[PDB]
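Student: Structure provided below as structure tokens; questions to follow.
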Amino acid sequence: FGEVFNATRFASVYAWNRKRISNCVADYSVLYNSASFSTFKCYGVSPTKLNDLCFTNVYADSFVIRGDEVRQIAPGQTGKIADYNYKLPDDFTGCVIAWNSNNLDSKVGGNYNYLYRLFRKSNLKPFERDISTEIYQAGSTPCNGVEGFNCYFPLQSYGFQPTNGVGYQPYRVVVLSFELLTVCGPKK
Amino acid sequence: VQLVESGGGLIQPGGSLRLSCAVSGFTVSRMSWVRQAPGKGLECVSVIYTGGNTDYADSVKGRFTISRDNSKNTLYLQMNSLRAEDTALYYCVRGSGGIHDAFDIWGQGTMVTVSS
Amino acid sequence: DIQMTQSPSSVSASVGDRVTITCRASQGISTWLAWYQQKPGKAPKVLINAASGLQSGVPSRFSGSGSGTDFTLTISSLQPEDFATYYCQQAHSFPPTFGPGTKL
């Protein structure tokens, strides 16, 4: 989980990085006991009992989303960000964690580091990175000539300033999911 | 939030006028120019895009230079080919937005007269 | 420019009643209109999100369906803020062109 809190610049929602977790001793006790984390919801089973559970593989994603959009990520639930950027599959047996970083990601003079996907033709697949800067959000006219009207760059700027409120403030977020078809371990 | 402009005034025809408007509350992205005739309805005309693509209506096609400054957040418009049809209230609005061509955050603008 | 007409071209004082805004297609406009509210001495603002796909970020009082030649919308009730000049804009193609407009 060292990379989970050691990335100075988190991945933007459209470009969500994927990391692989395996062959190690899990510390969900660290997750719900650290007490610095702002949010902790694990849909698959009660988070405390998860330490006993053993799985073949683990998958994790780190991205920064606004406080307003944190509610959007859920299995069977979405939002404008979830529909075109990142969303949760109907069966998720892991957890969703959020930690606010007001000082780290709200620099003075504007933040050009983070941008968010705004337009897609249809709902994207869960766990799908449409990182490609595909344009052509128009239809009647080819987008090649100009962004005259419907045509637009589907990537938009999420500028940040210290005055931004909690919903405006960037909240770092991670998601966890497991499957067995090598990750667990009792101790004491 | 509030876009501020200067240089809107009566001028003799041919004079070169630079119109400056200030982006407020957001990182510089898009600016559009819309003109309203005094005691008459407004009419959309010249626009610029964040992509650097440019659209000018037949009223200002090839006659208006539209630009913004990322460093100073000051929008640059240079008056060229002064004509009776274009002169009137001038407004700097967001260039485009929404699902389709939507401008929402506006400023006071600079009403412009032309005469002797 | 574009050729369309907006009604009611003339508006008498509207008291305790629904107000209707209408315009007619020139480019086969479908869900391509943005409604406007303006106060004199102030910058004009959109009265709706234009509902190109769905109406949003607007009080439900102004709701209408624009497609084909029908671009009509209704206002729930008269208000001091609702006492406001209204206009329409061409949306599908360049240049966007404003409809005649009406004031209260």
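Labeling convention for the structure tokens: chains A, B, ... as they appear, residues from 1 per chain, ligands from 1 in order of appearance.
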Tell me as a list in words which residues belonging to chain A come within 6 Å of chain B, counting only C-alpha atoms.

Tutor: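 So the residues of chain A near chain B are residues 146, 149 and 150 of chain A.
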
Student: May I have the residues from that selection written out with N, CA, C and O atoms, as a tab-separated table (two decimals), in the first residue's frame?

Tutor:
```
chain	number	residue	atom	x	y	z
A	146	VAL	N	-13.27	21.43	-37.03
A	146	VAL	CA	-13.33	22.46	-35.95
A	146	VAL	C	-14.22	22.00	-34.80
A	146	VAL	O	-15.04	21.09	-35.03
A	149	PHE	N	-19.56	23.39	-32.69
A	149	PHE	CA	-20.78	23.43	-31.83
A	149	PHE	C	-20.83	22.20	-30.93
A	149	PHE	O	-20.29	22.24	-29.82
A	150	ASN	N	-21.46	21.13	-31.43
A	150	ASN	CA	-21.49	19.86	-30.66
A	150	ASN	C	-20.05	19.37	-30.50
A	150	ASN	O	-19.72	18.84	-29.42
```

Student: Could I get the residues of chain C with an atom no further than 8 Å from an atom of chain B, each paired with its nearest atom pair and that distance in Å to one decimal, using only C-alpha atoms, sorted by chain and residue number, as a Markdown table?

Tutor:
```
| residue | atom | partner | partner_atom | distance |
| --- | --- | --- | --- | --- |
| C:32 | CA | B:100 | CA | 7.9 |
| C:34 | CA | B:102 | CA | 7.7 |
| C:42 | CA | B:108 | CA | 6.9 |
| C:43 | CA | B:108 | CA | 5.9 |
| C:44 | CA | B:106 | CA | 7.6 |
| C:45 | CA | B:104 | CA | 6.1 |
| C:46 | CA | B:104 | CA | 6.3 |
| C:49 | CA | B:98 | CA | 7.4 |
| C:50 | CA | B:102 | CA | 7.7 |
| C:52 | CA | B:99 | CA | 6.2 |
| C:53 | CA | B:99 | CA | 7.2 |
| C:91 | CA | B:101 | CA | 7.0 |
| C:94 | CA | B:57 | CA | 6.9 |
| C:95 | CA | B:57 | CA | 5.5 |
| C:96 | CA | B:44 | CA | 5.9 |
| C:97 | CA | B:43 | CA | 6.1 |
| C:98 | CA | B:43 | CA | 6.0 |
| C:100 | CA | B:41 | CA | 6.8 |
| C:101 | CA | B:41 | CA | 7.3 |
```

Student: Of the residues C:17, C:75, C:47, C:12, which is the one nearest to residue 87 (chain C), using only C-alpha atoms?

Tutor: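 Checking each candidate against residue 87 (chain C), we get C:47 as the closest.
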
Student: Give me, as an NGL selection string, the residues of chain A that a backbone DSSP run labels strand (DSSP E).

Tutor: :A and (17-21 or 39-41 or 57-66 or 96-100 or 115-117 or 155-157 or 170-179)

Student: Can you write out as JSON lines which residues of region 108-160 of chain A fall within 12 Å of region 6-9 of chain A, alongside each residue's closest atom pair and its distance in Å to one decimal, counting only C-alpha atoms and ordering rows by chain and ascending residue number?

Tutor:
```
{"residue": "A:111", "atom": "CA", "partner": "A:9", "partner_atom": "CA", "distance": 11.3}
{"residue": "A:112", "atom": "CA", "partner": "A:9", "partner_atom": "CA", "distance": 11.7}
{"residue": "A:113", "atom": "CA", "partner": "A:9", "partner_atom": "CA", "distance": 8.0}
{"residue": "A:114", "atom": "CA", "partner": "A:9", "partner_atom": "CA", "distance": 9.1}
```

Student: Pick from B:61, B:18, B:94, B:30: nearest to residue 79 (chain B), with only C-alpha atoms counted?

Tutor: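 Answer, going by the shortest atom-to-atom distance: B:18.
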
Student: Do you know which residues are at most 10 Å from region 11-13 of chain B counting only C-alpha atoms, after dropping those on the same chain fewer than 2 positions away, and could you put them as a ChimeraX atom specification?

Tutor: /B:8-9,15-17,81-84,112-116

Student: One number please: CA of residue 75 (chain A) to CA of residue 175 (chain A), in Å, one decimal.

Tutor: 11.4 Å

Student: May I ask which of the residues A:63, A:55, A:32, A:84 is the closest one to residue 173 (chain A), counting only C-alpha atoms?

Tutor: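 Checking each candidate against residue 173 (chain A), we get A:63 as the closest.
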